[PDB]
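J.: enclosed are the sequence and the experimentally obtained structure.
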Amino acid sequence: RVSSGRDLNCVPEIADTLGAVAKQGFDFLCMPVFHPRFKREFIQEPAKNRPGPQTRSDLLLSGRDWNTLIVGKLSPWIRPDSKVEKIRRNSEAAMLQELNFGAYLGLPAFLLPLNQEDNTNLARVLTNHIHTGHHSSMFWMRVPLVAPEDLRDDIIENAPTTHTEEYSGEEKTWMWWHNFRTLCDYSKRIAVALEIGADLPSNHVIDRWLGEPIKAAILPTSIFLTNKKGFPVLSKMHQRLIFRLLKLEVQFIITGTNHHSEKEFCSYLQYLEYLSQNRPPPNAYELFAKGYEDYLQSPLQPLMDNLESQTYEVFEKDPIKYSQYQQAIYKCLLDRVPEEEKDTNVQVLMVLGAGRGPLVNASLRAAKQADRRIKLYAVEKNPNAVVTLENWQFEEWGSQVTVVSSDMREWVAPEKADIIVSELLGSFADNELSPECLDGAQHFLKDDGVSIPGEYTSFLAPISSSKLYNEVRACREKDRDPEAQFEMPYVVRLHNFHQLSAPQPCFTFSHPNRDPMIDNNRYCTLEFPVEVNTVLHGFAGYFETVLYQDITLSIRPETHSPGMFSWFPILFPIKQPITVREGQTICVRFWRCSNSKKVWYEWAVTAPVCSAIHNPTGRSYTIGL
Ligand SMILES: Nc1nc2cc(CC[C@H]3C[C@@H](n4ccc5c(N)ncnc54)[C@H](O)[C@@H]3O)ccc2cc1Br
């Protein structure tokens, strides 16, 4: 578990080199598919008629070896962007030739350089290849952290290096890649091979690149320092970066010659191995989530839908959610039933949305550990869950628990309740319609009763991730609006991304809802100070809830209830990405709207430039009442 290749520019025999390279521990080889010095003429006689074979035979390796072990490289003389027409045209033919040969072989990927600012024709020609025949090579755009013009040794007397800081100029290689990928229309098949140099840049520059589709990081031998035993290693600041890329499960490519010419070469790879297993193991959240990184799912809608047995099972595999709930009913029973009243006073607890019982068992445990007495109702509308309750009630609970098979908003109640406990909370707190449901059940709370939870708040934060943007773009479907996928929330363990500003509260709800003419609709404006240049792709959503007094739950990253994996964040995309300059404010507007059938969100960017209103009138996304 750390995937690694060798870069070479020199392969006498593809047979023997591959074997040398396997023996060193490498998983794959980046090599030329034509000789990197064999320039070719397509137009002028007599060179265009150069006889003989143009490159090596495909028969030198097994189909399987081409498809797994080999990554091809563009000849370095191919310059589709030269100022010389004649080179522009040979390079055009050269590139389609190399790209088509990579295709013939079924190479899993082919490497192309971004080594200058104008790669317009290079995009045009790659974009052309991509729309010609059926193939599916990945294209690795080799792009350095630092333009080589910006790490030249300062040794031209009449051409000094820039000794001043240019915040935006030190990011130029990100704009090289941004322009390339924008021109190629964000094709899912164009990724980054990020070249790390001897000196890192400022974190601002490295940060530009998080949220970017990084498939490979290139480590030249020449950036490794030597330790006392004589063996290659990396700076502490290079380590910080490697630890971040291993989180992006990228592939590591080792380019250049052995500069540790005492200590052998698998030494370079071994050090990567040493860093892999010398990192912190996964916490419970991370072991639960490995699989889910940047996987878009539909927000659950347990009102409009009856949930599957196996969903409830994952629900109830959260020890923190439920121990936090137990502790809150504990504290509420003590504050409601003084000691000397302990047997005179039996409190009425109504679990609203009981599912398969976990809040019942959390209510039965609390009442024990406080030594008070409770009448339980278990109100649930999903009759498949009621089969689970009515069986786990005959066999186990008593009399104590009466199962009600009803929508809480419809139920006529035998008694009023001292406490109502609910678990109707979504990733965006109110997105499963806690507010509308508990509003409808509020009439059977005693004039002085408690709701657990008592309060919840959504939070929002602008993010950049060309990765997640591309993922949302791919959810186009037959037979709906071609852009609907941008007008709906996804729940997703956001991973390859950049939070551009601190979360801020969006919508808040309190239970009970004291003040009448209730209205659960809302408009909110948020101003996000942004400190970097970037690209906005959507808004991360999180929440916090007050169950009782100081007992709370959070999926707001800065206050996240540790251990608690029930909820992943939500994501609200925007149709069109929005450039943000350092110092500019991102202004977003959220509406929560409703009729009597549906609830939905609408949303807009008003600064620095306007988006369209997303999801007007729930045309793309609604939550069923
Ligand atoms: N996003 C999440 N949402 C959760 C919701 C729940 C509660 C699901 C229950 C509530 C039931 N429900 C919903 C609306 C409703 C209603 N109006 N009357 C009765 N039962 C109702 C509904 O039928 C169902 O059995 C539990 C765990 C969750 C974990 C996550 Br992560």
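T.: Yep, that arrived. Numbering: from 1, shown residues only.

J.: how is this protein divided into domains?
T.: Recorded structural domains for the chain (assignment: curated CATH domains) are 1-287, 288-454, 455-625.

J.: okay, the ones you listed in CSV with mean neighbour count next?
T.: All C-beta atoms are positioned from the backbone trio N, CA, C, and that covers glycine. Conversion of those to CSV gives the following (neighbours: other C-beta atoms under 10 Å):
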stretch, mean neighbour count
domain 1-287, 16
domain 288-454, 18
domain 455-625, 18
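
J.: hmm, whichever strand or helix holds residue 360 in reach of the ligand?
T.: Under DSSP states H and E, the secondary-structure element containing residue 360 is helix 358-369. No: under the criterion of C-beta under 6 Å from any ligand atom, helix 358-369 makes no contact with the ligand; the nearest approach is 8.1 Å.

J.: for that helix, packing partners?
T.: Packed against helix 358-369, as judged by 3 or more C-beta pairs under 8 Å, 6 or more residues apart in numbering; DSSP states H and E, are the following elements: helix 319-334, strand 346-352, strand 373-380, strand 417-422.

J.: can you list the strands that the second one pairs with?
T.: Each strand pairing with strand 346-352, determined using DSSP bridges, is listed with its direction: strand 373-380 (parallel), strand 417-422 (parallel).

J.: ok so residue 217 is a strand residue?
T.: Yes: note on residue 217: a strand contains this position according to DSSP: H, G, I helix; E, B strand; the rest coil.

J.: and it, how far from residue 248?
T.: Using C-beta to C-beta, to the nearest Å, one gets 9 Å for the distance from residue 217 to residue 248.

J.: tell me who's in contact with the residue in the chain that the ligand sits nearest to.
T.: As assessed by C-beta to the nearest ligand atom, the ligand sits closest to residue 353 within the chain, at 2.7 Å. Residues in contact with residue 353 (C-beta atoms under 8 Å, 6 or more residues apart in numbering) are 302, 359, 379-381, 408, 422-424, 437.

J.: now the phi/psi pair for it, please.
T.: Listed backbone geometry of residue 353 is phi 90, psi 60, with angles given as degrees, to the nearest 10.

J.: and what of residue 39?
T.: phi -50, psi 150.

J.: I'd say residue 336 and residue 449 touch.
T.: No: when contacts are counted by C-beta atoms under 8 Å, residue 336 is not listed as touching residue 449 (9.2 Å).

J.: okay, and the common contacts of these two?
T.: By C-beta under 8 Å, 6+ apart, residue 336 and residue 449 have these common neighbours: 418-419.

J.: what parts of the stretch 401-550 of the chain come near the ligand?
T.: That would be 407-409, 423-424, 426-427, 432, 437, which are the residues of the stretch 401-550 of the chain within reach of the ligand (C-beta under 6 Å from any ligand atom).

J.: repeat that for the chain.
T.: Contact residues of the chain with respect to the ligand, defined by C-beta under 6 Å from any ligand atom, are listed as 300, 302-303, 307, 315, 353, 355, 379-382, 385, 407-409, 423-424, 426-427, 432, 437, 566-567.

J.: one more time with 5 Å
T.: Within the chain, the positions adjacent to the ligand are 300, 302-303, 315, 353, 355, 381-382, 385, 407-408, 423, 426, 437, 566-567 by C-beta under 5 Å from any ligand atom.

J.: take those residues and keep only those in helices.
T.: Among these, the members found in helices (DSSP state H) are 315, 385, 437.

J.: so what's residue 421 up against?
T.: Taking C-beta under 8 Å, 6+ apart as the definition of contact, the neighbours of residue 421 are 325, 329, 349-352, 359, 362-363, 452.

J.: beta partners for it?
T.: residue 351, residue 452.

J.: on that earlier part again, can you list the contacts of residue 421 in TSV and add distance to residue 123?
T.: Output for those, formatted as TSV (distance: C-beta to C-beta, whole Å):
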residue	distance to residue 123
325	54
329	61
349	64
350	62
351	58
352	56
359	56
362	57
363	61
452	57
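
J.: list phi and psi for residue 154.
T.: According to degrees, to the nearest 10, the main-chain angles of residue 154 amount to phi -90, psi 80.

J.: so what's it closest to, chain neighbours aside?
T.: Leaving aside its chain neighbours, residue 154 sits nearest to residue 161 (4.4 Å; criterion: C-beta to C-beta, 6 or more residues apart in numbering).

J.: distance across stretch 501-518, terminal residue to terminal residue?
T.: Distance between the two ends of stretch 501-518: 32 Å, counting by C-alpha to C-alpha, to the nearest Å.

J.: and the longest helix for this protein?
T.: Scanning the chain for the longest helix, with DSSP H as the assignment, gives helix 85-105.

J.: only alpha carbons, please: show that helix as CSV.
T.: Listed in CSV are the C-alpha atoms of helix 85-105, where the atom choice follows Å, rounded to 0.1, in the frame of the first residue of the first chain:
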residue,chain,number,x,y,z
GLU,A,85,4.3,27.4,-38.4
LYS,A,86,6.4,24.4,-39.7
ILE,A,87,7.0,23.1,-36.1
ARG,A,88,3.4,23.8,-35.1
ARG,A,89,2.3,21.4,-38.0
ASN,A,90,4.9,18.6,-37.6
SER,A,91,4.2,18.6,-33.8
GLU,A,92,0.4,18.3,-34.5
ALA,A,93,1.0,15.1,-36.6
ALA,A,94,3.7,13.9,-34.2
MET,A,95,1.3,14.2,-31.2
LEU,A,96,-1.7,12.5,-32.8
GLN,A,97,0.8,9.8,-34.0
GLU,A,98,2.2,9.3,-30.4
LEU,A,99,-1.3,9.6,-28.8
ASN,A,100,-2.8,7.1,-31.4
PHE,A,101,0.2,4.7,-30.7
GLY,A,102,-0.5,4.9,-26.9
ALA,A,103,-4.1,4.0,-27.8
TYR,A,104,-3.1,1.0,-30.1
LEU,A,105,-1.2,-0.4,-27.1
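
J.: and the helix or strand following it, how far out from the chain's middle?
T.: Moving toward the C-terminus from helix 85-105, the first helix or strand encountered (DSSP H and E) is strand 109-113. Using C-alpha atoms, centre = their mean, to the nearest Å, the mean C-alpha position of strand 109-113 is found 25 Å from that of the whole chain.

J.: outside of strand 109-113, which residues touch it?
T.: With C-beta under 8 Å, 6+ apart as the contact definition, strand 109-113 has outside contacts at 30, 71-74, 76, 98-99, 102, 122, 126, 137-143, 193, 215.

J.: just checking: what are the partner strands of it?
T.: Strand 109-113 has the following strand partners under DSSP bridges: strand 70-73 (parallel), strand 138-144 (parallel).

J.: let's have the ones you listed in TSV, adding distance to residue 536.
T.: TSV is the format used below for those (distance: least, C-beta to C-beta, whole Å):
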stretch	distance to residue 536
strand 70-73	33
strand 138-144	22
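
J.: which secondary structure elements does the host helix or strand of residue 181 contact?
T.: Assigned by DSSP H and E, residue 181 belongs to helix 172-183. Using 3+ C-beta pairs under 8 Å, 6+ apart as the contact criterion, the neighbours of helix 172-183 among helices and strands are helix 120-130, strand 138-144, strand 190-195.
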